[PDB]
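Undergrad:
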Amino acid sequence: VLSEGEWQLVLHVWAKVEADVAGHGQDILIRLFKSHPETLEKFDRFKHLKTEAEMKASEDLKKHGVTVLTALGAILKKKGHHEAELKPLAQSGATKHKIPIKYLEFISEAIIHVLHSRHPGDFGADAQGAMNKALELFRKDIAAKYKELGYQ
Ligand code: HEM
Numbered sequence: 001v002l003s004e005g006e007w008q009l010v011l012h013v014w015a016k017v018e019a020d021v022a023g024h025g026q027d028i029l030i031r032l033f034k035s036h037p038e039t040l041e042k043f044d045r046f047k048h049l050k051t052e053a054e055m056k057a058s059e060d061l062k063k064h065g066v067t068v069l070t071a072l073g074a075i076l077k078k079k080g081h082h083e084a085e086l087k088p089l090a091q092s093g094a095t096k097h098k099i100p101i102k103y104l105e106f107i108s109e110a111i112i113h114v115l116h117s118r119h120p121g122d123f124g125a126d127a128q129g130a131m132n133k134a135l136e137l138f139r140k141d142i143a144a145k146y147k148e149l150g151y152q
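Residue 1 is where the sequence shown starts when you use the entry's author numbering, and the numbers rise one by one after that.
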């Protein structure tokens, strides 16, 4: 669990993301693929994207980014109470896409990195700490649900 003040910090930084989901999503995804290209193979859709510049120019990729961030944000706003929200995602990653927890750890890394590149002033040791926990809480919940469905 997280304290109330930790959630406030998560939520306080989330509001900044909210002023530019599209812009934040793209950085996040680019970062992820760039640092861990093997994750790129899960996306047949994006696989042909050769450079950054081209990643950046892709409408598809940017629309995907907003989707990813939108679901995430909905989860965080629940401060722990997100089973309803979370379930569809575990179901699909266990059953359809097969995304390993490890991949979820790399994406959390990319998130942290972006938030810090964009909002250093609202992203200190204390917030960063809080965000980490929040993302770890999601990953742990996901992990359990995955197992209940038969997927590592
Ligand atoms: C914060 C973590 C993430 C969130 C909230 C998230 C959310 C979503 C959402 C909401 C969708 C659309 C519906 C669905 O297919 O279930 C999706 C699709 C997908 N996700 Fe993620 N995702 C996350 C991380 C990842 C990671 C780390 C990977 C692995 C490399 C991944 C691979 C995919 C793929 C391949 C699809 C199919 C999308 C498409 O083809 O339209 N996702 N994700």
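Think of the CB as a built atom: it goes at the ideal place given N, C-alpha and C, for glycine as much as any other residue.
For a test of your reading of the model: does the CB of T67 fall under 7 Å from any non-hydrogen atom of the ligand HEM? Yes or no.
TA: What you label residue 67 is simply residue 67 of the sequence shown in a count that begins at 1. It does: the Cβ of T67 is within 7 Å (strictly closer) of some heavy atom of the ligand HEM.
Undergrad: Less than 8 Å between the beta carbons of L11 and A90, yes or no?
TA: Reading the sequence shown from its first residue, position 11 is the one you call residue 11. Reading the sequence shown from its first residue, position 90 is the one you call residue 90. For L11 and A90, no; Cβs fall outside 8 Å.
Undergrad: Name the residue from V17, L2 and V1 whose alpha carbon lies nearest to the alpha carbon of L115.
TA: One-based indexing of the sequence shown puts residue 115 at position 115. It is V17.
Undergrad: Please check the pair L61 and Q8, which I expect to be a contact at CB under 8 Å, by giving their CB distance rounded to whole angstroms.
TA: If you number the sequence shown from 1, residue 61 lands on position 61. If you number the sequence shown from 1, residue 8 lands on position 8. About 32 Å; that fails the 8 Å criterion.
Undergrad: Based on Cα-Cα distance, which residue from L86, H64 and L40 lies nearest to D141?
TA: Within the sequence shown, residue 141 is the residue found at index 141, counting from 1. Of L86, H64 and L40, the residue nearest in Cα terms is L86.
Undergrad: Any heavy atom of the ligand HEM closer than 7 Å to the CB of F43?
TA: Residue mapping note: residue 43 aligns to position 43 of the sequence shown, counting from 1. Within the cutoff, so yes.
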